Amino acid sequence: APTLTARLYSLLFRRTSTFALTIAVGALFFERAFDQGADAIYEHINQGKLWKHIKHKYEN
Amino acid sequence: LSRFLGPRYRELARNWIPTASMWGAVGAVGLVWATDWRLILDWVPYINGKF
Amino acid sequence: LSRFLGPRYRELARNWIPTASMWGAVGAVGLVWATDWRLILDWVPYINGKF
Amino acid sequence: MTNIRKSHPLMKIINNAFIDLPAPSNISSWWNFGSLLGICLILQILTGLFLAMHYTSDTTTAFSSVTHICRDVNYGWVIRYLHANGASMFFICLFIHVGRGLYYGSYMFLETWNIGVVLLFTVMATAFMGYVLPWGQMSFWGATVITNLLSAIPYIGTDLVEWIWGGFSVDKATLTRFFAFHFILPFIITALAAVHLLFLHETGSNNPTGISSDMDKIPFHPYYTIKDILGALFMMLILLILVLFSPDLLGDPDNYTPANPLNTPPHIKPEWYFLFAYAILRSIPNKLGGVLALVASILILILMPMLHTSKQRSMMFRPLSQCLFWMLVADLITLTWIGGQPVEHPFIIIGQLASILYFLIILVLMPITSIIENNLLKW
Amino acid sequence: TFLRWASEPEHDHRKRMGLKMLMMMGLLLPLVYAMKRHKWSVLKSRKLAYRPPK
Amino acid sequence: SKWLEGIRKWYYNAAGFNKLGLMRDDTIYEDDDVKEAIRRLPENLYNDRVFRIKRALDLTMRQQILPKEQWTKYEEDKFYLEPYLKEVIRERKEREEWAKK
Amino acid sequence: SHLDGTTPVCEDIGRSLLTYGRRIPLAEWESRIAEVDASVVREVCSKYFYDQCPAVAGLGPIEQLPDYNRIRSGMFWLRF
Ligand code: HEM
Ligand code: HEM
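Per the deposited record, determination of this structure is attributed to cryo-EM, with the resolution reported as 2.78 Å.

The name given to chain F in the PDB entry is Cytochrome b-c1 complex subunit 7, with Sus scrofa as the source organism. In the PDB, the entry goes by the title "Cryo-EM structure of respiratory supercomplex III". Recorded in UniProt under Subcellular location (unreviewed entry), the annotation for chain F is "Mitochondrion inner membrane". Under the UniProt heading Function (unreviewed entry), the entry covering chain F gives this text: "Component of the ubiquinol-cytochrome c oxidoreductase, a multisubunit transmembrane complex that is part of the mitochondrial electron transport chain which drives oxidative phosphorylation."

Per the PDB entry, chain B goes by Cytochrome b-c1 complex subunit 10 and derives from Sus scrofa. UniProt annotates chain B under Sequence similarities (unreviewed entry) with the comment "Belongs to the UQCR11/QCR10 family." The UniProt entry for chain B carries the following text under Subcellular location (unreviewed entry): "Mitochondrion inner membrane".

Below is the structure:
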């Protein structure tokens, strides 16, 4: 039985054009996920010290 | 350019059409990703969360 | 530079000293003319009529 | 048929420069900095260009334009601090590159070494003129002092310094002249770097052993393109650390006040990559002697190849020469520290001793030590 | 604190971008280092021999 | 005397080109005279020099050192290039002396 | 052409029995060849050649022989 890495090469990494598409699609999803995660970390560290955390009191 | 109007070049095209199509998709996905088109990214299930 | 310490090199220096002196005179005259030094040009008869 | 990479003229040049260039297989990480320098240069050209889209070179609108870049321009602070700290990274890499050349005997490439010295002079001038552009207190007064240095030249000193000033002192004329020169010089730096690589590729590259490596040459691309990419990534990590966590670490705060010609800042000192020279400049009490010592402190690199009295090229197998080299490095660090410090009781004497030690090591101790090493090996 | 904001209006965004760049670099440096090791293993593992016919 | 021999052997050990298997004449800077001397070497000596230098370069690429028992001993370090280099230098000195006069 | 002569035919018979266990008639060889077309050639070459690690043996003045990394990179196409 082929391993997961073997499947990845045969289906996506064997041909460079498919290799490029995997990177392009991966970059799209990675950017959203990484930014969302990184923002969560930064906002958690600075909880209650950002405008987005204190605007509710002064907004409206 | 009648030099290329032959059966072999017709076969040559068919062999490289899937590859050219794949590279075109890479360009399309790259352009949408780089420019954040959002005409197309609205359809994308997880990316549409942004904006 | 002991390689260049010999009678032949002294002869070479003797031969090329007039040329080096002429080129030095060319350089001095060119510098004085270009800068309009006027420390030297005051002595030159016709040129010192200027300024 | 042929190969386009090896036949097309531009492709021929590129292939022979960065793709199929025979390179030594053992060059350490100290050979990365060269490429890093180029990277830095390109960065300074790009980033600086985007600063020129918002910077105006008028004394009434220079500091305000810089604050406009830092506050209003989108990501303007990113670009501004990238430029400011990339100059410092450029000088770190330049100093490490010169140290690598000294240690591994790379100065035996006379033409390459001389072009490198010219590059060092040009980059120092570019950075000095660029630091004046913000037109802060430090910019104005450092420009004042460094330019006034030129007045020590006999006879033509005053006329020369006034010509460079564009007036009677550092003013709007000087600011605009410096902006123009600062814009133009990096392109001359790129041309000189291209000539530098041209001269270097004529004889290949040296290796840490200092022994000709024609038997063990490897293609440049698959190995040293990825190695230089990794080095550039590490350099970018350090530069981004500087930009995003301590943007003002290497800059004196007094440059954030607008230039005041009628009041000096509490302390006047140039950027760190000049301090060592500044230190030597202050070691000599005489003005002309100080300027000559400052110039010699960098022109000594020209003499470096002619002082090589060792039978071996690299200091790798020369432990006493290694000790002298590290003494020289520590002396340069001491000179930088003293140049940062004011002129008072201990600092004056330590700086004078450091300058004497620097010139003594480069001019006297190193050749004598090399001769002693040659004797010990029965050459 | 207000004066700190006034002098550095990009403070918070700068810290955020620094965190993102730290994460990206901690991800990338091992990856590019591994790519360099992959390319260089051919030379690192190579074994030279000297066979003079004499 | 033996003091000079001791300090020379200490320096030879300190200058770790023996740790790479090299010999003293393998580390000399290849200037014009050294290049000409190399050109005059017999084929076996030239091949041995080439292999020793290549092996040292490989070791420095791997940042490693030869096993302790494979280091070049000071007493068995042979100055193979020295005679050829001396001859080349004498010939150059003769040509320069003729050029002086 | 290789099967012209008693000795070549004997060699073919012996080698075929040792390897295949049977003597493949020329008719079967021709049928197998006729089965081959451009698509089959492309598929099999991709299976055995495209992006595969080769074994290289050089001998003589082989200083210009490309480095193994360069040869391996040559074993695949970026355009494809
Ligand atoms: C080797 C190349 C370069 C070096 C070493 C260099 C160095 C510097 C330095 C140290 C500063 C002072 C920044 C500060 O104090 O905040 C500066 C400012 C500046 N540079 Fe560059 N620079 C280079 C190339 C360029 C180029 C090519 C351009 C334009 C095309 C440029 C445009 C500017 C401008 C407009 C400023 C003023 C903006 C500001 O100070 O924020 N520079 N440069
Ligand atoms: C903007 C300034 C400079 C740039 C862009 C630059 C660029 C380069 C590059 C790309 C290399 C090849 C890579 C390497 O050998 O590490 C190199 C090598 C070299 N550079 Fe520079 N360099 C600069 C300044 C200097 C300076 C200031 C010196 C000496 C004072 C110098 C002397 C040398 C030497 C001797 C080599 C050859 C070293 C060897 O091959 O072992 N360069 N330079």
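Novice: Would you mind showing me how to read the packing of helix α3 (residues 32–52) of chain D against helix α5 (residues 76–103) of chain D here?
Specialist: Helix-helix packing is characterised by the crossing angle of the two axes and by the distance between the axes. Residue and element names in this part refer to chain D. Contact pair α3 / α5: the axes reach a minimum separation of 9 Å and the direction vectors enclose 155 degrees. Relative to α5, the element α3 lies roughly antiparallel. In the packing of α3 onto α5, the handedness of the crossing is left-handed. Across from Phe33, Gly34, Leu36, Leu37, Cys40, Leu41, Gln44, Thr47, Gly48, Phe50 and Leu51 in α3, the residues of α5 making contact are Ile79, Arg80, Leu82, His83, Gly86, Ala87, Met89, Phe90, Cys93, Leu94, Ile96 and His97. A per-class count over the contact of α3 with α5 returns 15 nonpolar, 7 polar and 1 charged.

Novice: Mind showing me how you'd approach the side chain of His83(D) here?
Specialist: Residue and element names in this part refer to chain D. Residue position: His83 is located in helix α5. For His83, a relative accessible area of 17% gives the class buried. Those residues within four positions of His83 in sequence are excluded, and the remaining contacts are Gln44, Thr47, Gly48, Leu51 and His182.

Novice: Whenever I open this one, the coordination of the iron atom of ligand 1 confuses me. Can you help?
Specialist: Working reference: metal with six octahedral donors, ideal angles 90 or 180 degrees; metal with four tetrahedral donors, ideal angle 109.5 degrees. All names here are of chain D. Within the protein, the atoms that donate to the iron atom of ligand 1 are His83 (NE2) and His182 (NE2), at distances of 1.8 to 2.5 Å. Taken together, the 6 donor atoms coordinating the iron atom of ligand 1 span angles of 75 to 172 degrees at the metal, a pattern that classifies the geometry as octahedral. With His83 in helix α5 and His182 in helix α9 (residues 172–201), this pair connects stretches of sequence that are 99 residues apart.

Novice: Would you mind going over the site of ligand 1 with me for this structure?
Specialist: Residues and elements named next belong to chain D. Around ligand 1, 22 residues are found, and the nearest of them are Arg80, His83, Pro134, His182 and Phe183. Interatomic distance of 2.8 Å between a side-chain N/O atom of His182 and a nitrogen atom of ligand 1. At the level of elements, α3, α5, α6 (110–132) and α9 are the ones that each hand at least two residues to the shell around ligand 1. At 7 residues, α3 tops the list of elements feeding residues into the shell around ligand 1. In the shell around ligand 1, the residues fall into 15 nonpolar, 6 polar and 1 charged.

Novice: Explain the interface of chain D and chain E here, please?
Specialist: How big an interface is tends to be stated in terms of the accessible area lost upon association of its parts. Taken together, the contact between chain D and chain E spans 25 residues of the former and 25 residues of the latter. Listed by contribution, the elements that provide at least two residues to the side of chain D that touches chain E are α4 (62–71), α5 and α10 (220–245) of chain D. Here the side of chain D that touches chain E takes 15 residues from α10(D), the largest share from any one element. Its residues assigned to classes, the side of chain D that touches chain E shows 20 nonpolar, 1 polar and 4 charged.

Novice: Would you mind going over the packing of aromatic side chains with me for this structure?
Specialist: The description of an aromatic ring pair rests on the distance of the ring centres and on the angle between the ring planes. One pass over the structure, following the stated rule, counts 41 aromatic pairs over all chains. Members of the aromatic cluster, connected to one another through ring pairs, are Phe91(D), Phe95(D), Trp272(D), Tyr273(D), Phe274(D) and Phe276(D). Just above the ring of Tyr9(B) sits the side chain of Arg8(B); from NZ or CZ to the centre is 4.8 Å. Of note, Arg24(F) hangs over the ring of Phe79(F), and the distance from its end group to the ring centre comes to 3.6 Å.

Novice: Is there a simple way to explain the interface of chain F and chain D in this structure?
Specialist: Contacts between the two partners involve 28 residues from chain F and, on the opposite side, 26 residues from chain D. Here chain F meets chain D over a buried area of about 2,500 Å², counting both sides, of which 69% is carbon and sulfur. Of all residues in chain F, the largest losses of buried area upon contact with chain D belong to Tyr11(F), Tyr29(F) and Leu57(F), amounting jointly to 30% of the total for that side. Taken together, the connections running from chain F to chain D amount to 1 salt bridge. Ionic pairing is found between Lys54(F) and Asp216(D), a salt bridge with its closest N-O pair at 3.3 Å. For the pair chain F and chain D, the number of links is 9 residue pairs in polar contact. Per-element tally for the side of chain F that touches chain D: the top contributor is helix α3 (residues 43–61) of chain F, with 7 residues. Of the residues that constitute the side of chain F that touches chain D, the class distribution is 16 nonpolar, 4 polar and 8 charged.

What counts and how
- Residues numbered from 1 in each chain as written, not as in the entry; some residues may be left out.
- Chains lettered and ligands numbered in written order.
- Part of a larger assembly, values for the part shown.
- Heavy atoms only, no water.
- Residues with missing side-chain atoms left out of burial classes, pairs and counts.
- UniProt positions renumbered as here; feature names shortened; annotations may be inferred.
- Axes fitted to C-alpha atoms, helices over the stretch in contact; angles between N-to-C directions.
- Helix = DSSP H or I, 4+ residues; strand = E, 2+ residues; numbered from the N terminus.
- Parallel < 35°, antiparallel > 145°, perpendicular 65-115°, else oblique.
- Left-handed = near helix turned anticlockwise from the far one by under 90°.
- Contact = heavy atoms within 4.5 Å.
- Nonpolar A, V, L, I, M, F, W, Y, C, P; charged D, E, K, R; others polar.
- Buried < 20%, exposed > 50% of the residue type's maximum accessible area, 1.4 Å probe, protein only.
- Donors = N, O, S within 2.8 Å, 3.2 Å for Na, K, Ca; no water.
- Tetrahedral: all angles 85-135°; square planar, octahedral: opposite > 155°, others 65-115°.
- Near = heavy atom within 4 Å.
- Polar contact = N/O pair within 3.5 Å; in protein donor to acceptor, adjacent residues only side chain to side chain.
- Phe/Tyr/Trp six-rings, centres within 6.5 Å; stacked < 30°, edge-to-face > 60°.
- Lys NZ or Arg CZ within 6 Å of the ring centre and 35° of its normal.
- Buried area = accessible area lost by both parts, 1.4 Å probe.
- Salt bridge = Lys/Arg side-chain N within 4 Å of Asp/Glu carboxyl O.

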